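S.K.: Chains as they are written, first to last, in the working numbering: chain A, 1 to 1015; chain B, 1016 to 1226; chain C, 1227 to 1400. C-beta: ideal position from N, C-alpha, C; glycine also.
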Ligand SMILES: CC(C)S[C@@H]1O[C@H](CO)[C@H](O)[C@H](O)[C@H]1O
Ligand SMILES: CC(C)S[C@@H]1O[C@H](CO)[C@H](O)[C@H](O)[C@H]1O
Ligand SMILES: [Mg+2]
Ligand SMILES: [Mg+2]
Ligand SMILES: [Mg+2]
Ligand SMILES: [Mg+2]
Ligand code: NA
Ligand code: NA
Ligand code: NA
Ligand code: NA
Ligand code: NA
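The following block contains the structure:
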């Protein structure tokens, strides 16, 4: 019958004998436990060691397994994904379905997980009431047997499936048998861009309820105009036998204080001609001056729902955290408690590099802490309902949540093929309706989402209206079909750019500024996805935030995304390395596209995270003469855990510092006048830095937390004093092959065949391993690479244009190499042409001036042919002989920064270990650049000028040639890249050119100057 | 939905048709117990979607109905929007939950009187003249059922028609109903007679209310 | 499977193997016949004399009935309501359900109409294309078998239920 019906190939059967969905239950039999959220003896965990056997198909499972343990089975921890235990390979595919697209059919080879548990049930649980099993997450579908008897069936990987086991259990030893199918008709609705895994990956629990029970409860909070009065409305539903003596009490608590209470017998108001709900009641509680919930101040109350008898005997209690907040759209603005939100959001998948898609509390808290510490106030559940604890944590820590239905049909052609099909409406409706029924009481959830990347079908319109009808308290959004369809309250595009239109047919991505004012358009715009943080990315992130702040109806967005979906593999010596698509024999696959995070999989930050933090700052600063103006972007809180540290430094040398307490009302301004600063004697640029510091620890941060910072140039004194002339004079030695410059024991060698500084000497120690040459290329970032365009690779991608123009193959041709003796210096003049098969790409003209002081002044003038694609960089490189421990620089830092991602970096004197000047991106690329650098120190060398640089033990060539970071080997000496100019990194998306025009090297003629000397 | 030939005949002879989904849950307590329940949405959706897919090409079909006497539930709102989305060419009506809910483009009460209010709790039947001008109301009013023609009836039929002609937004209605649902039985003499509820041993029954 | 699954007591199962709904089809192989709305050779009526046996419950139906005619069956006109042929009583109730309100369950004593038809199919219909059966209205739910083999299931008394019979039919008698 089970093998005969094939319920996993029928979108009309999404469950059999599954109980109704509901908010989180614990069936407390003690009111104080419910109030204080203590554990409940009526809610047991079945997590721990289970038995597991893997089969290639459900037809291969022996019938004996229903009755007793398979000797061949292993003992595994549950929850788990079975790919994480190595029973088969996890698959990384983005858009293309991991199975042949033939709905509703799945492959006959369907990996099957056979889970079983032998466990005790006490007779007291069976003597009365109802015992149910709860599977919080099973991927992708499953049948359930209890003591050899079939119980039911479930689909939807991301919401709990519950079954009444009351008639199946015996007192004493019981056995569960769970047959989990990797593929089902549900998989067609689960095409999210992530690892495709399977198994019992979320909690399993047993819940005992009395026969007469609270079956559902809904909490709403409505307010007066100024939010000084609230009504809390609680609708309560029961199951079992109705009796006149039954009562529902709802009490509301602030800490240990009961704030309000209401009691009523069952019997709802008249609904229609047939009467009302005899099995429901609605309690209304008045609350004066409620403490309001926000991400800023997550004020929470506790509501306790008691089912009891008139004489005061408790039957059972349930409870939830209540956050008094109103979400509404009015006049084109999304308001929370009357105030326009600015969403500092991120998309977050549930991912662990060891445990796969199994979530644990520690990882969840770590993510929330890091989010809040980096000025995020909002998270999108991309693209499925989360582990239930996630919402409890967001309620308490204070984050705005977009709860999203587990529906994505990205790989369909066209994308709406299923979602326009009425045959798929039931299956889609359950994914939406069961999420709402589960999560509707969480205050952190402020917006519902209908799913992701499933086009726009009539099924979306139906389910949009269903949500609007059952829950008017939360806007509904959905991006599919062009981001502004009739199924969305919010214009919610993905990767729409700030100023640049991308007018695709049918589904254009308008520039976000333009989008708001299209004829007839009134809604708020919040990007559901933007700033694709794949690898070295988040270029142009500041452009988004400038527009967010300037335009009221641009209310932010959610970065894609939080955490790299890299998985851990082990080499022969047991050393872990980070793996991505294809590393498990999974094919077809989308390689490194699973890694788009602001943090690595182990939650170590990428440099891009600091740019996010800075741009999402909650205080804005302006400087006018002596006065600093601080503006608060908080909506609800005063700045009561904030002080402003200011610091004035001359070229990194502190000159004055101080601190002022911040007392800024929400949306307010404070004026801080600095003291009149003493005049510095020496030349250089004064820099003002201000930090906002949180003196007191919070639930989410340590004492001393820096939340905001800003820098300005103050007065500059130009160096006018003549460098007191040295008496020494360098000597020119000329041979046919070389120009050699000599000063004391210092020697500079210029090769006359190549035209490059080929070697330098201090005494008898060589300084270079490779000659100092021009470099116009970088090891391609993920943004440079893009995607494959079916029959070939996209010719529009930066890497493809560079390769086609012969940038990586370009060979230097010497045009001129001359030497001149001056009064107190030797002048070397060179010119090179870089050519590809007869076409001149670049001309470099250099002068090298070596004087008595031992300094070599390099002047570089470059012509770039207007018809060659703009080059990745205009700079010089060499492999230095020395490996030193520290790198010291006066410039932007301390972290990696690029021309379109350097707003977070500060100008100062920085000192780091060499290893910190390399960014360990899992997919290797150009990395570790620091911009606006005036002085660089490494070992015996000092370079001065105005440049960008990176420095590491890996050549651009190796980075370019290596697919994984663990495969990188330190080279002899140290590779130095010094750029006069470096192209932006982009990142608006990672599958098309995204470097903005002002960050491309398009000027045609470039000049930079550099001084190389010994320090 | 009717036998498919009905719509062909209405196309050709010329009658305006309200096509109505096969959903009536009158005997539930309260009336919307199933239609507000998301577990019943799939079964309900099929009765609406499959009607629209069958009948959408008939010119005689000018209005879609979501069913009859099933209260007002969230499933009605979903299915109302589904129809507006797939077929913008036809208004959608539904009488349940008070005749003027968010699930109807047309105020479509049953047995609302001309001048007399019937102020039932939750689901009042206002006078039709009064209903039109209720604060914020703009929709046309067309009675889905009026003038209950049971036996010696249609008293005051003129009163409806006077109002229909006078008020532009009173655009008429559908009499209840066309044909007596009596069945033929045979006695001892083998002579046919007209039978109603109870006459087949059927019990409980509602007697002559089928006529 | 059929008696075990009890699809008639499950609001999540409204059909099995039923084809998508669509506007009226006739599948004319001649454009002029289509234009003039004349009969189509590809649309046959199965109305007429069928075999029928009444049972008090689906459990009471003999397995043999799938394979061959039941001797106790009567020959009846279809389309028909079996109450009009006197097999059980038609019930007139207005609001109150004729069954106990206990959704989704129905009485165990659930009158069951066992219809059958022996009919012929042209060999040409089977050598090419797709042959479907169309039930314009069946009240209130039904399972369908063809040549002893289970085809599918349908609900909603007032809309056509269509099933693909191509793999079930043989040339000649079915
Ligand atoms: C590559 C695009 C055509 S689809 C693109 O893929 C991304 C890869 O991280 C994300 O999954 C985005 O949501 C999706 O729009
Ligand atoms: C008797 C009323 C309470 S219900 C009333 O019954 C009528 C009897 O013909 C019709 O069926 C109407 O549609 C219905 O509203
Ligand atoms: Mg299925
Ligand atoms: Mg996708
Ligand atoms: Mg704990
Ligand atoms: Mg059924
Ligand atoms: Na804004
Ligand atoms: Na991705
Ligand atoms: Na590489
Ligand atoms: Na009129
Ligand atoms: Na009647």
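State the beta-bridge partners of residue 293 of chain A as determined by DSSP.
M.R.: Counting from 1 along the first chain, the entry for residue 293 of chain A is found at position 293. Bridge partners of residue 293 of chain A: A:298.
S.K.: Taking the continuous beta strand (DSSP E) assigned at residue 975 of chain A, which residues delimit it?
M.R.: As a first step, residue 975 of chain A is located in the first chain; it is residue number 975 there, counting from the start. Counting along the chain, the beta strand (DSSP E) containing residue 975 of chain A begins and ends at 974–982.
S.K.: Please identify, using Cβ separations under 7 Å, the residues of the segment 1262–1296 of chain C that lie next to chain B, in order along the chain.
M.R.: Within the segment 1262–1296 of chain C, no residue has a Cβ that lies closer than 7 Å to any Cβ of chain B.
S.K.: Taking the alpha-carbon positions, what's the residue 743 of chain A to residue 1007 of chain A distance?
M.R.: Here residue 743 of chain A is taken as the residue at index 743 of the first chain, counted from 1. Here residue 1007 of chain A is taken as the residue at index 1007 of the first chain, counted from 1. Roughly 28 Å between the two C-alpha positions.
S.K.: Mind checking who residue 721 of chain A pairs with in its DSSP beta bridge?
M.R.: As a working note, residue 721 of chain A is residue 721 in the first chain. Partner(s): none; residue 721 of chain A has no beta bridge.
S.K.: Just to confirm, is the Cβ distance from residue 1123 of chain B to residue 1098 of chain B under 7 Å?
M.R.: Within the second chain, numbered from 1, the residue matching residue 1123 of chain B stands at position 108. Within the second chain, numbered from 1, the residue matching residue 1098 of chain B stands at position 83. No. Outside cutoff.
S.K.: Need the endpoints of the beta strand (DSSP E) that residue 223 of chain A sits in, please.
M.R.: Position 223 of the first chain, counted from the start, is the residue given in the question as residue 223 of chain A. Segment 213–223, the beta strand (DSSP E) holding residue 223 of chain A.
S.K.: Using CA atoms only, rank isn't needed, just tell me which of B:1162, B:1199, B:1170, B:1225 is closest to residue 1312 of chain C.
M.R.: As a position in the third chain, residue 1312 of chain C is number 86, starting the count at 1. Taking only the C-alpha atoms, the option nearest residue 1312 of chain C is B:1199.
S.K.: Would residue 1046 of chain B pass as an interface residue toward chain A - the criterion being a Cβ-Cβ separation below 7 Å?
M.R.: Along the second chain, one-based indexing puts residue 1046 of chain B at 31. Output row for residue 1046 of chain B: interface = yes.
S.K.: Can the beta-carbon of residue 416 of chain A be found less than 7 Å from the beta-carbon of residue 451 of chain A?
M.R.: In the first chain, the residue the question calls residue 416 of chain A occupies position 416. In the first chain, the residue the question calls residue 451 of chain A occupies position 451. Not closer than 7 Å, so no.
S.K.: Helix, strand or coil, according to DSSP, for residue 146 of chain A in the structure here?
M.R.: As a first step, residue 146 of chain A is located in the first chain; it is residue number 146 there, counting from the start. Residue 146 of chain A falls in the strand class under three-state DSSP.
S.K.: Taking 7 Å as the CB-CB cut-off, is residue 1112 of chain B touching chain A?
M.R.: The sequence position of residue 1112 of chain B within the second chain is 97, counting from 1. Closer than 7 Å: yes.
S.K.: DSSP three-state call for residue 544 of chain A: helix, strand or coil?
M.R.: Taking the first chain and counting its residues from 1, one reaches residue 544 of chain A at position 544. Helix, per DSSP.
S.K.: With DSSP collapsed to three states, give me the class of residue 14 of chain A.
M.R.: Along the first chain, read from residue 1 onward, the residue named residue 14 of chain A stands at position 14. Three-state DSSP puts residue 14 of chain A in coil, outside helix and strand.
S.K.: Quick one: residues in its chain with C-beta nearer than 6 Å to the C-beta of residue 1212 of chain B, no 5 flanking neighbours on either side, listed in chain order?
M.R.: In the second chain, residue 1212 of chain B corresponds to position 197, counting from 1. Once the five neighbours on either side are set aside, the close Cβ partners of residue 1212 of chain B are 1220, 1221, 1222, 1225.
S.K.: Confirm, please, whether the CB-CB distance from residue 901 of chain A to residue 611 of chain A is below 7 Å.
M.R.: As a working mapping, residue 611 of chain A is identified with position 611 in the first chain. As a working mapping, residue 901 of chain A is identified with position 901 in the first chain. The answer is yes: Cβ separation under 7 Å.
S.K.: Just by C-beta distance, which residues in the segment 1369–1383 of chain C are closer than 9 Å to chain B?
M.R.: Per Cβ criterion, the list reads 1381, 1382, 1383.
S.K.: So who's on the other strand from residue 358 of chain A, going by DSSP bridges?
M.R.: As a position in the first chain, residue 358 of chain A is number 358, starting the count at 1. BP columns for residue 358 of chain A are empty, so no partner.
S.K.: Is residue 217 of chain A near ligand 10, going by C-beta to nearest heavy atom under 6 Å?
M.R.: Here residue 217 of chain A refers to the residue found at position 217 of the first chain. It does not: the Cβ of residue 217 of chain A is nowhere closer than 6 Å to a heavy atom of ligand 10.
S.K.: Could you name the residues, in chain order, whose CB is less than 5 Å away from a heavy atom belonging to ligand 8?
M.R.: Any residue whose Cβ sits closer than 5 Å to a heavy atom of ligand 8 makes the list: A:193, A:593, A:596.
S.K.: At which residues does the beta strand (DSSP E) containing residue 888 of chain A begin and terminate?
M.R.: Within the first chain, the letter at position 888 stands for residue 888 of chain A. Here the beta strand (DSSP E) through residue 888 of chain A covers 886–893.
S.K.: Which of the three DSSP states is assigned to residue 820 of chain A in this structure?
M.R.: As a working note, residue 820 of chain A is residue 820 in the first chain. Three-state DSSP puts residue 820 of chain A in a strand.
S.K.: Could you list which residues in chain B have their beta carbon closer than 8 Å to that of residue 666 of chain A, in chain order?
M.R.: By one-based count along the first chain, residue 666 of chain A stands at place 666. Per Cβ cutoff of 8 Å: no residues; residue 666 of chain A is ~36 Å from chain B at best.
S.K.: For a test of your reading of the model: does the CB of residue 924 of chain A fall under 6 Å from any non-hydrogen atom of ligand 9? Yes or no.
M.R.: As a working note, residue 924 of chain A is residue 924 in the first chain. Checking every heavy atom of ligand 9 against the Cβ of residue 924 of chain A, one is found closer than 6 Å.
S.K.: Would you call residue 408 of chain A buried or exposed, if buried means 16 or more other Cβ atoms sit within 10 Å of its Cβ?
M.R.: Taking the first residue of the first chain as 1, we reach residue 408 of chain A at position 408. Residue 408 of chain A should be labelled buried.
S.K.: Quick check: what's the CA-CA separation for residue 281 of chain A versus residue 316 of chain A?
M.R.: For the purposes of this step, residue 281 of chain A is identified with residue 281 of the first chain, where counting begins at 1. For the purposes of this step, residue 316 of chain A is identified with residue 316 of the first chain, where counting begins at 1. Taking the straight line from one Cα to the other gives about 16 Å.
S.K.: Would you check whether ligand 6 has a heavy atom nearer than 6 Å to the C-beta of residue 1382 of chain C?
M.R.: The residue labelled residue 1382 of chain C in the question sits at position 156 within the third chain. No, the beta carbon of residue 1382 of chain C sits no closer than 6 Å to any heavy atom of ligand 6.
S.K.: Would you mind telling me which residues of chain C sit closer than 7 Å to residue 1061 of chain B, beta carbon to beta carbon, in chain order?
M.R.: Locating residue 1061 of chain B in the second chain gives position 46, counting from the first residue. The contacting residues are 1240, 1382.
S.K.: Candidates A:559, A:137, A:509: which alpha carbon is nearest residue 532 of chain A's?
M.R.: Taking the first residue of the first chain as 1, we reach residue 532 of chain A at position 532. Of the listed residues, the one whose Cα sits closest to residue 532 of chain A is A:559.
S.K.: Consult DSSP for residue 1025 of chain B and reduce its assignment to one of helix, strand or coil.
M.R.: Here residue 1025 of chain B is taken as the residue at index 10 of the second chain, counted from 1. The answer is helix: DSSP assigns residue 1025 of chain B an H, G or I state.
S.K.: Just reading off the beta strand (DSSP E) that residue 1230 of chain C is part of, what are its end residues?
M.R.: Numbered from its first residue, the third chain carries residue 1230 of chain C at position 4. First-last for residue 1230 of chain C: 1228–1231, but that is the alpha helix (DSSP H), not the beta strand (DSSP E).
S.K.: With respect to 6 Å, is the separation between the Cβ of residue 555 of chain A and the closest non-hydrogen atom of ligand 7 below this value?
M.R.: In the first chain, the residue the question calls residue 555 of chain A occupies position 555. The answer is yes for residue 555 of chain A.
S.K.: Helix, strand or coil for residue 1359 of chain C? Go by DSSP, reduced to three states.
M.R.: Mapped onto the third chain, residue 1359 of chain C falls at position 133. The answer is strand: DSSP assigns residue 1359 of chain C an E or B state.
S.K.: From A:235, A:605, A:262, pick the residue whose C-alpha is nearest to that of residue 214 of chain A; which is it?
M.R.: Reading the first chain from its first residue, position 214 is the one you call residue 214 of chain A. Comparing Cα-Cα distances from residue 214 of chain A to each of A:235, A:605, A:262, the minimum goes to A:235.
S.K.: Under a Cβ-count criterion, where at least 16 other Cβ atoms within 10 Å of its own Cβ denotes burial, should residue 1014 of chain A be classed as buried or exposed?
M.R.: The residue labelled residue 1014 of chain A in the question sits at position 1014 within the first chain. Classification of residue 1014 of chain A: exposed, given that the 10 Å Cβ count is below 16.
S.K.: Is residue 1020 of chain B helix, strand or coil by DSSP?
M.R.: As a working mapping, residue 1020 of chain B is identified with position 5 in the second chain. Three-state result, residue 1020 of chain B: helix.
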